[PDB]
Asks: 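I'd like to ask some things about the structure below.
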4 protein chains.
Amino acid sequence: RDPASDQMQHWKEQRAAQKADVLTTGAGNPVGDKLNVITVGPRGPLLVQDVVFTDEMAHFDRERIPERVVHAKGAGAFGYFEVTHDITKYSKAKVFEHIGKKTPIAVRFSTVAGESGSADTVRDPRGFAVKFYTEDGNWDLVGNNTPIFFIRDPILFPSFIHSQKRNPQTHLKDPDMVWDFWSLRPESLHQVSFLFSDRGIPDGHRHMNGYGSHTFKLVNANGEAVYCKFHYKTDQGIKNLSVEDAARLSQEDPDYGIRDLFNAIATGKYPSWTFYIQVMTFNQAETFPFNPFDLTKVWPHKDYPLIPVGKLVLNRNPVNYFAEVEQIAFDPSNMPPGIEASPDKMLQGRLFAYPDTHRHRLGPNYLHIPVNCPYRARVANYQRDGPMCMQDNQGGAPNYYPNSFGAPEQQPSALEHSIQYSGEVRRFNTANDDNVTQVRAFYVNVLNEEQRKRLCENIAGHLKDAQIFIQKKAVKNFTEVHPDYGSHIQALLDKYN
Amino acid sequence: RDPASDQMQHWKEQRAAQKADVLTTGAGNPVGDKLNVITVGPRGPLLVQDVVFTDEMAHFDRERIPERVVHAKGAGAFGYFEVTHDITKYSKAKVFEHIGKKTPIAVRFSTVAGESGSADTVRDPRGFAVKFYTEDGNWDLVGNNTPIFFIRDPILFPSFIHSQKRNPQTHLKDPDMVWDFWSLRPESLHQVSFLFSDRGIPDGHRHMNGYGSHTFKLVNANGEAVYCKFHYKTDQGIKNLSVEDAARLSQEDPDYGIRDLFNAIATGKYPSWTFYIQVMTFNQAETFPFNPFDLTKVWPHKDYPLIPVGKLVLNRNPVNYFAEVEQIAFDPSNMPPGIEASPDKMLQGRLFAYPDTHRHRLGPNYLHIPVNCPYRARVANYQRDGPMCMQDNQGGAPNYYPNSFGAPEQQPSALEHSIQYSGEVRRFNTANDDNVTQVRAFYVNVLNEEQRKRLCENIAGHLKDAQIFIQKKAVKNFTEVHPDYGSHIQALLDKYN
Amino acid sequence: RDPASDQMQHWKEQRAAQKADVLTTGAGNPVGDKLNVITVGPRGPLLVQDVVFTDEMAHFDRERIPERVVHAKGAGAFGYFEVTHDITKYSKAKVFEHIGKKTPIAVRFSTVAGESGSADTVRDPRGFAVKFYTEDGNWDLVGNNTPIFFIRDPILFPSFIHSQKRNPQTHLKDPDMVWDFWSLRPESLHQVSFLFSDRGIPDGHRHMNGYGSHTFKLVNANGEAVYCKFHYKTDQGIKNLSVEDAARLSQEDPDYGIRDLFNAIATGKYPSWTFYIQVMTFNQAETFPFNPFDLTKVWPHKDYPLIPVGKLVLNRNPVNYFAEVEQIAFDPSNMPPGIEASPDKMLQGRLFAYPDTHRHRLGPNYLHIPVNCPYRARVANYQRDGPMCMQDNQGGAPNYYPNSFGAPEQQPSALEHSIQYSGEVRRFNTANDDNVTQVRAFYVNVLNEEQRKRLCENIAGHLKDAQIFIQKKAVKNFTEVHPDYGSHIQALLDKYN
Amino acid sequence: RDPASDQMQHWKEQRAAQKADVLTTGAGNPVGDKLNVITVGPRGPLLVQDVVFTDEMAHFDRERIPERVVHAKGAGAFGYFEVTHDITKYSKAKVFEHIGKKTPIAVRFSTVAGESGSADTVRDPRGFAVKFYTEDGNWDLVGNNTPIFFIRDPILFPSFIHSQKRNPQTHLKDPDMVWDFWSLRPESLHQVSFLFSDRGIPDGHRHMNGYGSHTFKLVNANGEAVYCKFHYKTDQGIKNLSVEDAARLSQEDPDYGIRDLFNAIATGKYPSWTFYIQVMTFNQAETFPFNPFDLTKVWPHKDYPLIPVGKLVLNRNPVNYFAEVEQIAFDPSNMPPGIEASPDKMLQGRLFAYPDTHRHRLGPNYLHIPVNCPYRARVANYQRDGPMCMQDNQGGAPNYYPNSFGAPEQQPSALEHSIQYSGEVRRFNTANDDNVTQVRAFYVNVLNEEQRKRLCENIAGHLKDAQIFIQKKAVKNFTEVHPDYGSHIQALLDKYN
Ligand code: HEM
């Protein structure tokens, strides 16, 4: 059998030649018997003094924590990030200090809309989150398998996710909801085209690219700032499942990506991604034809070539899935000195959203969870007492700042990069921005004829379930992108009806 | 389209001719705009004073509650229970007071081992829980589609569920775990035979029987006690999917049972179950060949014929799934006067387990949730303050008992039925009880030849993945049940290998 | 006896002539007996089937919620806000629509640093929070008995509260911590002078003023904006306890303020506060000698006279303290149209802090708690599912925006007031701002000689416990305010040593 | 100053000669500045990208956990238990293995009815809980400063605590509630007499005795069982405060016991208690004049002399109070092999109540908290996944039992002691048991004349506030105990009225 199937036999084999441990309660008291319960004779009612029973059962009753509101279904792996090129001129980050520096990483792959127990091989954006354990605290590059997203304003994210997920009454997937939202929000045409292309259903997690998707800000030691986009492209090469194969695997193995990643790492075939960046100066940002902080836009490779930085290798499988993969938390706000946020509205929304949801899901002290701890750095601050605190709680150190007792002091070299912003403080409309230019470019330059046909059949296959007026509004947006794109979808929809 | 697909259009149509409501915050403050966020000009960072954004997002971040540790994937419906026969001689329950009495009910169907988002049409025991809103508080008949269970001692339940669910390292379904547990626990042969028969994969929730599965105690007004088993058999008739059809539906519609029940109720075809009971006297219980409180045994129909009581009709679909189906809590401990627990160890374990898990999942005051409230009864007691209390908290009534201020008094007519139990208070072994007699009876009397062949191919198909020694231990147990049963499985396993 | 002592007798008297209600479980099942537990004979162990016991006990085990991180000890009352003057030229708020309009209010009085069960009559700032149930959602004026605060930057608030509260090792009140923080932060001199004056220990909650303390922004129907400060001064007149009387009452009645407010409302003597405002134009704000958004500064009455608006009357006592006072949540972010936030950094910090802590303390759906609900307004939005949801969860309404099914639409008349802000986006130092001018004014104009002497003895009495260097740093700050102020404290400290 | 006051200076002195640590976020990212917030210029609104602010504040908002439902106000200390005598004939416990064996202990002192921040020096039963870190898991002797309690049935405990605590409407202490409950429950006369004697207000925690109060069961290696009562009497001698001194200290130092214990341990004066036991055979238990498992009765010293076992010494103060004292959990169910529960109904109720409340207060995985961990024992079991899990979660070990992969096995030598119990399974009344015999004995043998007078004045002083009929019912119970006892109280009450 494959290494995944032989987990228990491998556990037994690695622990051969030693006697079984003593079965104990949570409090370490040895258990006399855990196959029978205390009764008033052979056919008597259960006793309260059955402390072993009530302890076991009570713990069983509290096993489930809340699933992630998005990217619930996931697969986890560990490894390192190796620097191969010098980008010290761009960033002063300790992760990019010198060439050959290895930083340990934790990675989680996921499907955005799928719940815990849903099929892996489905058409959906794939999450690609990376946690760098840097000497200057954790760095969380929370990325996707796509360089863009559907929307450009973070207030629409809850709406988008509600439309992608189940109907509130019927609890069913509603193409009506999906295509109503997408037809009303035409800035999603670019991401929709990517999603319904061949790379919508990647063959496992090893054969997909990864993108930060946001514009980030790199600051050097001299104090100069530039703009960045992180790319981590697969070294195993892009490889995708057909709709028929994906449909087969959905019933055959709904845990295809978990099994594929576990077997790949277990057999020694360590998957690797090459870390690239694009650089954009402040004058280039001001003279960019589009909004350079727009999440629905990309930076063309001819104007902004990829600059190699390093490689990401995954070599270690999780020991316990719940402890290392279910409980791992990725905060985009976790950025070390040299890396900062850009004015990208979406990124600004993510800075709040993640720590808030982590306090709900995992708990107030979720950063004390071993996988979440910045173990390669020293934490010292005036943050004290919360529920489930598993540290000394910084012992008897003064818990107020400023003080006169040598408590932790602020480091002035870790200040943020200052910038002057113009205009009023109000709500600016971005729905009426360019929605079709880069979509047309992708359609008529990147895709070939058979790829365009497959794209149109995939969209038409999903969109046929929506109401007539929603189909018309969707096809109108596809026609405004390109007339052949719209006409082909419309022809297929007419065939389907 | 089907009624399920037209949920939004039906919502719009029923609310036609009125203007859209004002979009407000949680605190009822009208929202100016919820499509854009407040920025420092068109390309500026997000402001903290964007209260609308942070409120929406914070609520979005806290949407997920923990799924049920078991029976996570479920479908909900509402209706009534109509009494058709007089059983007042057996029980003094207000639910069975007089003929033609309608008690409102809430029902939830489920798959035991499936997570939220797993396929509906899979081989697994189906949950069939019924909540009777009786005038003497709620009655929760938390039943299955099978009259028996796998185990007879409640301390093994967490072990059984862990074996049925994912591997702790790989997070994959492990036939190794499933068949190791089943082979080591041969009292599961009866339930295994039922599970791998044709009724393992019922065609939706309308074409399956329901059983309390436990022995219950009926007490009449005179104070005499008897033993009972609740049966609720389908009026639509038993109907099952083939393995191939089930495998197809798993990828086609993973929400087959939710869609089927919603469409059935929406179109007017109300499904119904006929409520039966078996009665066993205390002398019959003492002279029963087996343990009558053994959950792996049934009461034969020739010795204990079914006595009709009433019918269960489901006529109303849930308005909101989360509010009415996700948050519904069924406590087997919720039993009105006239219905009591028997010495069945499993039932004794369920009396503790359910209220404990409900306090974790839903919260301390989960009985204040509308679907969980005993709205057809008056609650008055000395239970006060907890988190998320949405009552007057019983106002200014004395909160101690006994008192001298006319606070709620105990009703002496609601006392439990007293019984003398013999033997020591210790752990009695029940693993070595009869495990094969009723299994043989079922195999060679109920099933025909083609049903026996399908049963053997289904078991062999699942068991082939297990290690050789586990296959041998499983086949040995099947051989001890019946030599043809064991030999046929072994022949198919040899073919598979 | 006083009305407070006769609560139970009054309950009995108002419910005379009716029989005691039936004692039930949470699930409404009548209790047979709740004075004895089920045992295996007279001297036998307790049974698990004692469902009544385990239900009662389990609810008892979950009674405590987390106390407020600050203002834990509190007293609650209800009444109304009556408009007496027209300020429609300043604000378009429905609370200020027309003269004679009564809005129901909920008020909570509190001590900032005291825990639940601490003494009422102690030297500490008193909280004065008011919840207006306006037709445009709830308005929460979360005020103090002082027009200023200790600090002017919200990042120092956790530090300030940690210094005021117990030592992390010893769990004792530490004057060392208090005076170290106050000596290092000399912008606290103004609030310290107010706190150690006669009005530090007010005689109950009826004899103290209330202030919003922040600069707020009033917007009229025409769209013009001004700046505001809310004052609500006592109609019963300012009245204070001596240090000796306060020290006596601390042991005699630690619940002096709760008893005083309950008896005052119960006997019919309804306390009232007169609602005033100060108005500041944008040109006046730009030409103000100090920062007009500085929380440590006041607006002088000669330059900015008080403008009457209405009166606050408290007429109803809480029915249940836990339900109505412990669980009440005041969000400064809850502001109806016509009232907005100013650039006051402290207010900006409060906009985030309160909803975040409420989700922790009370729970995600804390606005479903009756006292927190905006019951005089209609809530409709795309916020769905959370723990402990006790609404229809907005039934089957579309849960995404924008949509095409007539779901709640944004009201364009409720937009925020736009303003252009100059300067870079960075951290600006405000520690070096004016700290002594208004403190000197208060010392040498408002206070008389005997009031100055009492102020100095109160400060010296508290400060004597601190280390010598902290005493020197504190006295230096008092000397920089005024030489007589510093010299008198120093003389008293030398006497104490 | 005393060592308690010099905590911060001692921290500074022990960490002298090293530079202050770098101020970091929770994620270990160095903080640039934590005195100012990011604004849009000097007088601009706060930015969302202020990650340092929102992290600090969010953690501050989640500092409070629920206080203990009882014994909220507490003081903690650590040390060891040294065996001085051989009791191996009675118990096979590893804590009592051999003479001179030192087991580390954690102790918490407390006041039963006081909230967090209430006065220490008040008339109330004092908690005396001891956590033995035995090699066979933790042993929690959760005791009081009194050998008895008020009630003998655990279903009345929530009622008793509600009566002792605040009124549900007024939130005030109600002598009406206290004396109504005590007058209706005359089995409290013994504990009431002890409480209103001189030992009601002990001088700190070092000058009070400690009792298990329950009958426990000692089992030896041979398998013989006896009954036990644990006594731990002070080596510093019994010492009490007068009512006047206690009333003074209530305002002077409400944290008298915390300061006293901290200073005692800090100066080197380690307090010690001598561990005694009483032994009762099964024949003696059957021929005892009273119920030997009755919590309101004692075992007379003449019939059952004290047998020395060892001494309890407290030598170490807590480093952090929240981590070591607030979060410590004592489970009476935590009993190592050789120590078991008796049929005492109260003890049976405590076996359920404590683990249930700990899961609410601290969380499901509260035994992972360092102070709660059985660090001197190895925990291995099939308890997996819960919220806030900070272990490997037992890695990849099989999570079901029984199994075939060498997972932890049950130890047959740790079985419970079996006993045959007679009588029916129902609710037996114990309210009508003897309530006056041992109370009379205590009154007329132990107390002298001036002690009897003080006892009567203390009761009369508290009882005068109750209604006339409650005073009559209380005095009647005191008269039934002894006519002089009743007559003296009545005379003082008549004087008070
Ligand atoms: C940066 C500044 C401040 C922060 C971070 C802050 C934070 C908090 C927090 C977390 C609470 C607990 C609320 C709960 O859990 O129920 C609270 C309560 C309170 N705060 Fe503040 N606060 C600030 C400034 C002020 C100011 C300036 C005032 C008055 C002028 C004030 C008055 C109050 C009052 C009255 C309460 C109690 C509310 C109640 O009755 O429930 N606070 N504050």
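Chain letters run A, B, ... following the sequence lines, proteins first and then strands; every chain starts at 1. Keep in mind that the numbers below use all heavy atoms, side chains included, and drop hydrogens, waters and symmetry copies.
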Asks: Below 4.5 Å, heavy atoms only, C-beta onward: do B:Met177 and D:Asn399 meet side chain to side chain?
Replies: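 Yes, at least one pair of side-chain atoms sits under 4.5 Å.
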Asks: Where do D:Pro168 and B:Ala397 come nearest, in terms of heavy atoms and distance?
Replies: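 Closest pair (atom of D:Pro168, atom of B:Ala397, distance): CG-O, 3.8 Å.
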Asks: Given a strict heavy-atom distance threshold of 4.5 Å, which part of D:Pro387 is in contact with chain B: side chain, backbone, both, or neither?
Replies: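 When you check distances to chain B, only side chain atoms of D:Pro387 fall under 4.5 Å.
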Asks: Just so I know, are the side chains of B:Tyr401 and D:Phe181 near enough to count as touching, which here means a heavy-atom distance under 4.5 Å?
Replies: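 Answer no - side chains too far apart.
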Asks: Where on D:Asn167 is there a heavy atom nearer than 4.5 Å to chain B: the side chain, the backbone, both, or neither?
Replies: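 Contact with chain B is absent: no heavy atom of D:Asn167 under 4.5 Å.
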Asks: As an exercise: rank D:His360, D:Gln169, D:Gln420 by heavy-atom pairs under 4.5 Å with chain B and give me the winner.
Replies: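 The residue among D:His360, D:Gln169, D:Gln420 with the greatest pair count is D:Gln420.
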Asks: Under 3.5 Å, side-chain donor or acceptor atoms of residues 36-49 of chain B against the rest of the protein: list the pairs with distances, not counting sequence neighbours.
Replies:
from: B:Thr39; atom 1: OG1; to: B:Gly41; atom 2: O; distance (Å): 2.7

Asks: Just give me the residue among B:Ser418, B:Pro158, B:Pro402 that pairs up with chain D most often, heavy atom to heavy atom, under 4.5 Å.
Replies: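 Answer, by heavy-atom pair count under 4.5 Å with chain D: B:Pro402.
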Asks: So B:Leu184 and D:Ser404, do their side chains get closer than 4.5 Å, heavy atoms only?
Replies: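 Heavy-atom side-chain distance check passes, below 4.5 Å.
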Asks: Please confirm whether the backbone N or O of D:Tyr400 pairs with a side-chain atom of B:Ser159, one donor and one acceptor, at under 3.5 Å?
Replies: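 Checked: no pair found.
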Asks: If you count heavy-atom pairs under 4.5 Å with chain D, which of B:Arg426, B:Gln467, B:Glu424 comes out on top?
Replies: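 Among the listed options, the one with the most contacts to chain D is B:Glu424.
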Asks: Test side-chain contact (heavy atoms from CB on, under 4.5 Å) on B:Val425 and D:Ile419 and set out the steps.
Replies: CA-CA 6 Å; B:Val425 168; D:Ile419 271 294; over 6 Å; no
Asks: Is D:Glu416 close to B:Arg427 at the side-chain level, that is, under 4.5 Å between some pair of heavy atoms?
Replies: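 Yes, side chains in contact.
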Asks: So, taking the atom named NE2 in D:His162 and the one named CG in B:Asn403, what distance separates them when rounded to the nearest 0.5 Å?
Replies: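 If I round to the nearest 0.5 Å, the distance is 13.0 Å.
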Asks: Using heavy-atom distances under 4.5 Å, tell me whether D:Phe160 contacts chain B through its side chain, its backbone, both, or neither.
Replies: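 For D:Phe160, no heavy atom lies under 4.5 Å from chain B.
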Asks: Please state whether the side chain, the backbone, both or neither of B:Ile155 comes within less than 4.5 Å of a heavy atom of chain D.
Replies: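 For B:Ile155, no heavy atom lies under 4.5 Å from chain D.
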Asks: Heavy-atom distance under 4.5 Å to chain D: side chain of B:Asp50, backbone, both or neither?
Replies: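 Neither part.
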Asks: Counting only non-hydrogen atoms closer than 4.5 Å, does D:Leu415 touch chain B with its backbone (N, CA, C, O), its side chain (CB onward), both, or neither?
Replies: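 For D:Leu415, side-chain heavy atoms alone lie under 4.5 Å from chain B.
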